[PDB]
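This is what each chain is made of:
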Amino acid sequence: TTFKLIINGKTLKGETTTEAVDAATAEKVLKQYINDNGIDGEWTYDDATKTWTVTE
């Protein structure tokens, strides 16, 4: 199973997944990826397939 996150930036968007012990550890690395796009605001987890979110 791989974690997933969708970029909800006003100009930058898309999706991304990572592999780690838990989504908590991955999400920290996914935040670092968001640090480059500059799209950090409010994230949301989903029990569907361990996905995530990040709206600017």
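The rules we used
- Residues numbered from 1 in each chain as written, not as in the entry; some residues may be left out.
- Heavy atoms only, no water.
- Helix = DSSP H or I, 4+ residues; strand = E, 2+ residues; numbered from the N terminus.
- Buried < 20%, exposed > 50% of the residue type's maximum accessible area, 1.4 Å probe, protein only.
- Contact = heavy atoms within 4.5 Å.
- Pairing = 2+ DSSP bridges.
- Axes fitted to C-alpha atoms, helices over the stretch in contact; angles between N-to-C directions.

With the PDB entry as reference, the chain is termed IMMUNOGLOBULIN G BINDING PROTEIN G, source organism Streptococcus sp..

**Q** Which residues make up the side chain of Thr51, and what values do they have?
**A** Tracing the backbone shows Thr51 in the loop between helix 1 (23–37) and strand 3 (53–55). In this structure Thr51 comes out as buried when scored by relative accessible area, which is 9%. Not counting residues within four places of it along the chain, the set of residues in contact with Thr51 comprises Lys4, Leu5, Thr44, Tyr45 and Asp46.

**Q** Quick rundown of the pairing of strand 1 (residues 3–8)? Include the residues and the values.
**A** Of the two faces of strand 1, the one lined by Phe3, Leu5 and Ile7 is fully buried and the one lined by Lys4, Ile6 and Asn8 carries no buried residue. Pairing of strand 1 with strand 2 (residues 13–18) involves six bridges; the strand directions are antiparallel. Bridge assignment links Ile7 to a residue of strand 2, and that residue is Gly14. Here strand 1 hands over to strand 2 after four residues, the two strands then running antiparallel side by side. Inspection of the sheet shows strand 1 paired to strand 3 by three bridges, in the parallel sense. Bridging across to strand 3, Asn8 finds its partner in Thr55.

**Q** Which residues make up the sheet that holds strand 3, and what are the values?
**A** Taken in spatial order, the three strands line up as 2-1-3 in an open sheet, and their pairing is mixed. The open sheet has two edge strands with one neighbour each: strand 2 and strand 3. Between one strand axis and the next, the sheet turns by 15 degrees as a mean value, whatever way the strands run. Strands strand 1, strand 2 and strand 3 of the sheet are contacted by helix 1, whose axis makes an angle of about 30 degrees with strand 1.

**Q** So what's going on with the environment of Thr49? Residues and values would help.
**A** With respect to the helices, strands and loops of the structure, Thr49 is situated in the loop between helix 1 and strand 3. Distance in space between the C-alpha atoms of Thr49 and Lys4 is 7.8 Å, their sequence separation being 45 residues.

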